[PDB]
Structures are given as C-alpha cells and as structure tokens.
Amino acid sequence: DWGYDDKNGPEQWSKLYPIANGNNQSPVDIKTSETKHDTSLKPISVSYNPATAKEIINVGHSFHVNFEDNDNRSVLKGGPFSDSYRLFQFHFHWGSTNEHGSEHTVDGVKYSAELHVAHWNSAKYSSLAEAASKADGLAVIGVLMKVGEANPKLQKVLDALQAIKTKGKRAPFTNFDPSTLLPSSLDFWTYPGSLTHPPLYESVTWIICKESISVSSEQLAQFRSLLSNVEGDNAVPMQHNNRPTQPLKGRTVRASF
C-alpha cells in the first residue's frame, strides 16, 4: 500500500513503484528563466458539458469528481496537442498548512493547493485504462491555488463533501462544468511528466496555468476535514496529499506566453 504518511509516503514510493525515480516524474519546479517560449503552441480550448458530471468519491487520500467519458461531450483541444482529449475527473491536492500544498512550484514558490483536471487521449485509445500507461495517453491541467479570498466557484464541490466524509463513500455529482474553476487567462507552461502518485506512470502531458485561482483558509480547512479512515473507525483527517517536486532530468518546460 501507499499514502502520504511517514511509512507509506512519497519518499517510500520507489520501494513498491520503482518508476518513482524515473526520468519524467511530476510534479516539478518551473524555473521561469529556464522555460522555452514555443510559438507553435496553440491556445488551450476546453469545452465541457455539465451533463457529463457523474459522481464524487472519497478515495482515502483525496476525493475525486468523476465524469461520464463514453463520448466527446467534454473535451480539451489545442495547446501542444493535435488529438482531442476527453475529460474524466478533477481533484485537488493540499498541504498540512497554508504555507505549502500545491504540487508544482513556480520559481521555488509553494502555493496552498492545486486543482488537477484530467483527460485521456480518446483519438488514439479506446478507454482510460488503455491510455493511462501510454506516453501520449493523459493530459492534466494544473491550476495553482493561492490562499486569499473565498472562491465561490468552489461552492458546489465543497457543499458535496459532507456526503462523502469517510473512505469509500460516494454520491451523485451532476450538472457541473469544471471549466468554471479555471482562471480567466489560459496562458500556460507544458512539460512531459507523470501521474503524481502511484502508479506514477509517465503518461501525462502537463498544462500548468500561469494565473492562479483563489481559495480561502476556511475552504482549505474543509478539504483537510475529510477523513481517510472508513466509517466507524477512529477519525483520521486527510491533512495533506501533495508530492514534493522531482528532478527535470533534462526535460524542457515550454511556455505559451
């Protein structure tokens, strides 16, 4: 098993998942003096249908909002891609306190939380499972969340959490377009990287937004109040789930701007 505790956490993952020491691991620190502007990058285009929102689920180390992904109702296009990618879930990462909690960092600066909106390459593959292990299989938009003013777009998500307090609980979560959560500029960095937790496959093209979104200190507390144990056991809050940044090992981070 794996987690974010001391015994099962990021520093220990490589014992069970050797790819943890691979060449394309995420997240990374983006050094802006080392990024390469690429004029071939097109703008990011998202087009999500709120009827594809399906279910919210407590997965023990985090929670996920999943989407119906049987057709191209909800898709990401543009940026570095020539293929359309189909939305399947979004989720967040956060830290023990407001001082850290993002996965990616920008010039060494840690944000409080990070939103991941994850998609799979339905142009080349027939399912998420096929795509998830392929170098071109996944595309995840990362948005850095800076502690400050309450973010009212987070509301439906946060209101839903009281129905999924313990590990394994799930609930319908419908009629929601997560492009409402993205910042108003979609200027971005991109690099080839991985899932940021086991199984750690190096299958993700990262799209990291330059503009942050807000989150209040009390909104972050609602995340940390989720519990990682199952109903009826001793309560164990989900205090953090961000992985430390990993070595670029020669990759280049490109900039759209």
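Note that residue numbering follows the sequence shown and begins at 1.
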| item | value |
| --- | --- |
| Greater mean Cα temperature factor according to the PDB record, 104 to 112 or 152 to 160 | 152 to 160 |
| Higher-scoring stretch by recorded Cα B factor average, 199 to 207 or 66 to 74 | 66 to 74 |
| Top residue by Cα temperature factor, when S126, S184, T166, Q89 are compared in the entry | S184 |
| Which of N58, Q222, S217, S40 ranks first by CA B-factor in the deposited coordinates | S40 |
| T245, C-alpha B-factor rank within chain (lowest, middle or highest third) | middle |
| Chain third (lowest, middle, highest) by recorded CA B-factor, residue given as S33 | highest |
| Within-chain third of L226 by Cα B-factor, per the entry | middle |
| Entry-reported Cα temperature factor of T52, expressed as the chain third it lands in | middle |
| Where the record places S194 (Cα B-factor, split into thirds across the chain) | lowest |
